[PDB]
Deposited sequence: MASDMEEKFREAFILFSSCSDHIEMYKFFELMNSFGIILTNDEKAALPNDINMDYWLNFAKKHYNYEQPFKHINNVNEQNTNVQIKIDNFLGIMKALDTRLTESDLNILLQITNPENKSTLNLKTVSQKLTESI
C-alpha cells in the first residue's frame, strides 16, 4: 500500500496556482511530472474544465506506481546512454521551458561525475527518488 493522493493534490495546486481548476496546457505538464503520457485521442476526450477531483481520479488510474518515469527508461526492455551535449541538444531542440540553470542542476544530480555520457536508467531513478 502506497497512496500518492497528498502528492497528486500538492502537484495540482503548484501547477494551478492554488486554484481548484487547472488550464489544459498546465494539466499536461502536471500529468507528465508523474510520468503520465496521453495519446492525442485521450487528450481530446478530457473535460475542458479539469478540477482537482477529476485529476485525483485520473492520476490514480494512469500513474505507474511500479515504474514511474517508464517513459524515460523501461526496465522491461533493457540501450540506455546518450552523450551529454547530444542530450542537451535534444532537450533544446524540443523547445524546453527548462533554463540553463535547471538543466545544469539536472546534470550534476543524474551525472554526479563528468562522464562523457548520461544514463537514462539513472535519470529515471533520480527523478523517482525526488517524487
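- In sequence order, the gaps in C-alpha coverage of the deposited chain fall at 1, 80-81.
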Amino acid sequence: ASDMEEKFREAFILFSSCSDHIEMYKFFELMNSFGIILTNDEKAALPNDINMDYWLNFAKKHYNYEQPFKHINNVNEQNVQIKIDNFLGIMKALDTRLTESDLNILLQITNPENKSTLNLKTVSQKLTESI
From here on, numbers count along this sequence of modelled residues.
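- If you average the C-alpha B-factors over 67-75 and over 28-36, the higher value belongs to 67-75.
- The PDB entry reports B-factors from which the mean C-alpha value can be compared for 115-123 and 5-13; the larger average falls on 115-123.
- Between the residues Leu106, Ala44, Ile50, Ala59, the entry's highest C-alpha temperature factor is the one at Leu106.
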